[PDB]
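J.: One structure is given below, represented as structure tokens, and several questions about it will come after.
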RNA sequence: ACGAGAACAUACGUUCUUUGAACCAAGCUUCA
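Written out as structure tokens, the structure reads:
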């Protein structure tokens with residue numbers, strides 16, 4: 001049995017994922039439709055970092071293969087014997103609200119100008135940062151496959167923990183300097199094929 | 001008498017199947033996708049699609065787990081994908097073909113290449129430095145027109161076999177096809193799923209084409 | 108050789124164990140797609156009352172093979188062929204109805 | 001878990017910050033203020049607040065002048081605002097956010113525009129002809145809420161960390177925040193410096209709320 | 001009236017499992 005967890009990532013401040027024309031530091035985008043994109047690798051990595059740091063005694067210093075059983079069963083592993091298949095399955099997230107952004111007569115991304123005033127020179131050496139704008143939304147869905155009936159409650163508690171841990175941190179790029187602040191909303195879980203018995207408890211421990 | 005199931009595998013996110021470290025001096029890009037050797041198109045092998053469908057179907061007929069050898073699968077899985085035992089050896093009713101990229105003209109219409117490169121980190125929690133890694137992927141929205149040959153040898157099993165085939169396609173709808181799929185890539189979807197007959201019309205083809213096109 | 112490509116390739120396949128989630132690769136030489144093989148098959152005509160049914164069976168074998176593979180790991184991708192330019196010419200002995208075989212095989 | 005620093009920065013002098021020379025329409029405004037792009041209202045960047053904040057702490061700890069790059073500042077600043085060494089990178093703990101305007105309605109009650117333009121004349125050499133020019137500031141008295149996030153990674157350092165955050169804010173009321181501030185712009189003042197946490201009430205909130213309420 | 005007739009080197013097998021493009025950086029300097 002498999003479950004799908006669907007929500008929205010709304011950008012409270014600007015965001016800037018990725019890099020590598028005649029301009030400095032572009033964002034990583036969709037390659038066909040040129041939409042700004044959250045890579046699912048970046049969302050999975052930041053969620054894994056925050057959830058592994060909170061599901062621990064404070065801080066997190068070891069390799070991702072050496073995490074707790076909840077983290078390793080939620081995000082996968084690669085060992086010579088203790089290899090596990092991940093239960094979460096993240097996806098690349100394209101920009102959903104181009105209609106909402108295009109209503110306000112603003113581009114989906116914009117260029118941020120900022121200096122580095124050297125102290126002994128007091129001269130600007132300016133640089134351009136492309137940022138997808140604030141108020142942008144990103145509809146995601148993560149596929150959760152159910153293997154243990156007695157562990158789906160703890161797995162979903164950890165998933166909600168990772169969500170509201172990411173609500174108090176940023177998502178990629180120059181984050182401490184203004185960028186990256188996100189927030190999660192419209193969080194729900196649905197079943198892929200054939201209804202789970204305990205779906206209401208998951209919608210109420212994930213809808214809070 | 002033999003049936004053909006034709007459809008399209010559309011890439012919802014990027015898809016990274018395959019790779020040979022090519023001898024040509026390509027430069028400072030690593031980890032390419034498997035390509036067609038003559039027409040220079042990225043390719044979905046039939047072996048990869050067959051293996052992922054077989055794993056998801058053998059996993060789905062479950063209650064318990066899936067941990068066995070492929071030859072000790074469920075008998076419906078052995079009659080769909082074949083088995084090679086010493087005595088209980090069954091011919092595979094399915095024949096997969098290598099799928100190459102179809103809508104190259106439409107990717108050229110939007111003036112963009114057929115495969116792209118995604119830059120990807122791994123920050124080590126000791127040192128907090130990033131080591132960038134180039135992973136060549138196929139652009140999402142690319143379409144891969146496949147055809148699988150179904151040879152029918154028992155009328156009393158074909159409806160259950162196509163029920164299981166549609167279930168395997170549905171299990172691929174909520175999983176990924178090849179490569180770094182847990183990190184975003186690999187997500188596919190099946191479109192235009194239809195069945196046609198090779199030669200000589202099957203009489204009850206409508207129930208197969210309506211439980212495959214559901 | 109116009110495309111600066113070899114006559115043959117190599118194809119990589121893994122095998123994911125379901126118990127232990129680990130892949131062991133293997134390699135297969137394949138002759139690449141877009142390769143063409145000009146063939147000629149010789150038929151000797153013992154009896155004219157059976158030649159049309161024989162050629163009907165030969166074309167049946169050819170398109171039956173066109174919906175199957177030709178050797179090797181054909182269930183897992185490879186092997187798919189397509190016969191083209193199928194034509195019949197008589198070698199020795201003038202055969203009075205040769206165009207009917209040329210159309211039952213060339214259809 | 002984490003504890004945030006809610007607050008409100010207000011302007012006692014018309015503040016100038018940011019800039020662009022756009023292709024579409026310059027208009028009768030030279031060097032405009034940086035503004036938020038969707039909500040179209042002005043914005044203190046978190047980058048600007050971090051840069052001026054760090055420059056003032058650099059004026060505070062090693063006093064007077066420094067003539068030094070900001071990757072080799074004092075070690076508390078390397079822990080707080082972040083640093084990138086050769087391979088042994090010492091990470092940040094202090095995350096700023098793009099500060100945008102909150103009190104739109106109480107300026108709309110008095111029919112006052114959110115931003116301010118002034119006609120800054122310039123008298124040249126003894127020929128003595130005015131050289132008029134227009135700069136765009138934001139009106140003094142406008143309020144700006146901020147929510148600085150603070151990861152707790154040392155229990156026995158958050159005392160000194162919040163005391164030097166208050167020392168930096170205390171050094172920032174006696175300074176401008178960016179722009180043409182040297183000739184009468186940019187002067188700020190802090191108010192309503194309330195601290196709340198994400199969950200719980202651990203790593204005691206009372207001492208930090210008192211040392212930011214001082 | 002060919003050391004020859006008959007005979008698919010064929011069957012089962014995911015190039016797959018790990019990982020944030022991060023960190024360092026007042027659009028500022030002289031303008032009645």
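Protein chains in written order, with the authors' numbering: chain H, 1 to 20, 27 to 214; chain G, 1 to 214; chain F, 108 to 214; chain I, 1 to 214.
Backbone N, C-alpha and C define an ideal beta-carbon position, used for all residues, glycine too.
I believe residue 145 (chain H) touches residue 13 (chain G) by the beta-carbon criterion, under 8 Å. Please report the beta-carbon distance rounded to the nearest angstrom.
T.: So it is not a contact: roughly 13 Å between Cβ atoms.
J.: Quick one, are the C-beta atoms of residue 41 (chain G) and residue 114 (chain G) less than 8 Å apart?
T.: Against a cut-off of 8 Å, the Cβ pair of residue 114 (chain G) and residue 41 (chain G) comes out as a contact.
J.: Contact between the stretch 24-33 of chain I and the stretch 123-140 of chain I: three or more CB pairs below 8 Å?
T.: Verdict: yes, contact present.
J.: Please confirm if residue 87 (chain I) has its CB atom under 8 Å from at least one CB of chain G.
T.: Chain G, which has a Cβ nearer than 8 Å to the Cβ of residue 87 (chain I), makes this yes.
J.: Closest to residue 96 (chain I) by C-alpha separation, out of I:154, I:173, I:179 and I:147, would be which residue?
T.: Measuring from the Cα of residue 96 (chain I), the nearest candidate turns out to be I:147.
J.: Could you tell me if residue 205 (chain F) is buried or exposed, where buried requires 16 or more neighbouring beta carbons within 10 angstroms of its beta carbon?
T.: By the 10 Å Cβ count, residue 205 (chain F) comes out exposed.
J.: Under a CB-based cut-off of 8 Å, is residue 128 (chain F) close to chain H?
T.: Residue 128 (chain F) counts as touching chain H.
J.: In terms of DSSP beta bridges, what is residue 106 (chain I) paired with?
T.: According to DSSP, which records beta bridges pairwise, residue 106 (chain I) is partnered with nothing at all.
J.: Under 8 Å, Cβ to Cβ, is there at least one residue of chain G near residue 4 (chain H)?
T.: Yes, because at least one Cβ of chain G sits closer than 8 Å to the Cβ of residue 4 (chain H).
J.: Starting from residue 13 (chain G), find everything on chain H with Cβ-Cβ shorter than 8 Å and list it in chain order.
T.: Under the 8 Å cutoff, chain H gives 46, 97 and 98.
J.: Report the residue ranges of all alpha helix (DSSP H) runs contained in full by the stretch 57-142 of chain G; include only those spanning at least 4 residues, in chain order.
T.: The qualifying runs are 75-81 and 104-109.
J.: Can you check DSSP and say which residues form a bridge with residue 202 (chain F)?
T.: None; residue 202 (chain F) has no bridge partner.
J.: Which word fits residue 64 (chain H), buried or exposed, when buried means at least 16 other C-beta atoms lie within 10 angstroms of its C-beta?
T.: Exposed.
J.: Taking the alpha helix (DSSP H) that residue 165 (chain I) falls in, what are its first and last residues?
T.: Per DSSP, residue 165 (chain I) belongs to the alpha helix (DSSP H) from 158-172.
J.: Within its chain, find whatever has a CB closer than 7 Å to the CB of residue 73 (chain G); leave out the 5 residues flanking it on each side and keep chain order.
T.: Excluding sequence neighbours, residue 73 (chain G) sits near 58.
J.: For residue 130 (chain H), which residues from the same chain have a beta carbon less than 7 Å from its beta carbon, with the 5 sequence-adjacent residues on both sides left out?
T.: Result list for residue 130 (chain H): 121 and 123, in chain order.
J.: Tell me, please, whether the CB atom of residue 149 (chain H) is closer than 8 Å to any CB atom in chain G?
T.: Chain G, which has a Cβ nearer than 8 Å to the Cβ of residue 149 (chain H), makes this yes.
J.: When the Cα of residue 79 (chain I) is compared with those of I:158, I:212 and I:199, which residue comes out closest?
T.: Selected option, being the one with the closest Cα: I:158.
J.: Measuring straight from C-alpha to C-alpha, what distance separates residue 170 (chain H) and residue 190 (chain H)?
T.: Between residue 170 (chain H) and residue 190 (chain H), the C-alpha separation is close to 7 Å.
J.: Do the CB positions of residue 37 (chain G) and residue 203 (chain F) come within less than 8 Å of each other?
T.: The answer is no: Cβ separation not under 8 Å.
J.: Return the Cβ separation of residue 43 (chain H) and residue 2 (chain H) in integer angstroms, given the expectation that the two are a contact with Cβ distance under 8 Å.
T.: Their Cβ separation, rounded to whole angstroms, is 25 Å, which puts residue 43 (chain H) and residue 2 (chain H) out of contact at 8 Å.
J.: Can you have a look at residue 25 (chain G) and say buried or exposed, based on whether 16 or more other CB atoms are within 10 angstroms of its CB?
T.: Residue 25 (chain G) is exposed by the Cβ-count criterion.
J.: Does residue 46 (chain I) come out as helix, strand or coil in the three-state DSSP assignment?
T.: Here residue 46 (chain I) sits in helix by DSSP.
J.: Short check: CB of residue 178 (chain G) to CB of residue 17 (chain G), under 8 Å?
T.: The answer is yes: Cβ separation under 8 Å.
J.: Just how far apart, CA to CA, sit residue 181 (chain G) and residue 62 (chain H)?
T.: Going from the Cα of residue 181 (chain G) to the Cα of residue 62 (chain H) covers about 27 Å.
J.: When you compare the CB positions of residue 149 (chain I) and residue 4 (chain I), do they come within less than 8 Å of one another, or not?
T.: Going by C-beta atoms, residue 149 (chain I) is nearer than 8 Å to residue 4 (chain I).
J.: According to DSSP, simplified to helix, strand and coil, what is residue 210 (chain H)?
T.: Residue state, collapsed to three classes: helix.
J.: Between which two residues does the beta strand (DSSP E) harbouring residue 7 (chain G) extend?
T.: Unbroken beta strand (DSSP E) run through residue 7 (chain G): 2-11.
J.: DSSP three-state call for residue 182 (chain I): helix, strand or coil?
T.: Of the three classes helix, strand and coil, the one that applies to residue 182 (chain I) here is helix, per DSSP.
J.: Would you say residue 107 (chain H) and residue 142 (chain H) are within 8 Å of each other, going by their C-beta atoms?
T.: Yes. Within cutoff.
J.: Round the Cβ separation of residue 56 (chain H) and residue 172 (chain H) to the nearest angstrom and send it over; I've been treating them as touching at under 8 Å.
T.: Indeed, because the Cβ distance is near 6 Å, the residues count as touching under 8 Å.
J.: Between the stretch 17-35 of chain I and chain H, which residues of the former have CB atoms less than 9 Å from a CB of the latter, in chain order?
T.: From the stretch 17-35 of chain I, only 18, 19, 20 and 34 have a Cβ closer than 9 Å to chain H.
J.: To be precise: take each residue of the stretch 61-87 of chain I, compare its Cβ to all Cβ atoms of chain H, and keep it if any distance is under 9 Å. Which residues remain?
T.: Answer in chain order: 65, 66, 67, 68, 69, 70, 81 and 82.
J.: Leaving out the 5 sequence neighbours to the left and right, which residues in its chain are closer than 6 Å to residue 168 (chain H) when beta-carbon positions are compared?
T.: Only 53 and 57 meet the Cβ criterion.
J.: Is the separation between the beta-carbon of residue 83 (chain I) and that of residue 68 (chain I) shorter than 8 Å?
T.: No, the pair does not count as a contact, with Cβ atoms beyond the cut-off.
J.: Rounded to the nearest angstrom, how far is the Cβ of residue 128 (chain G) from that of residue 91 (chain I), given a contact under 8 Å?
T.: Right, their Cβ atoms sit about 5 Å apart.
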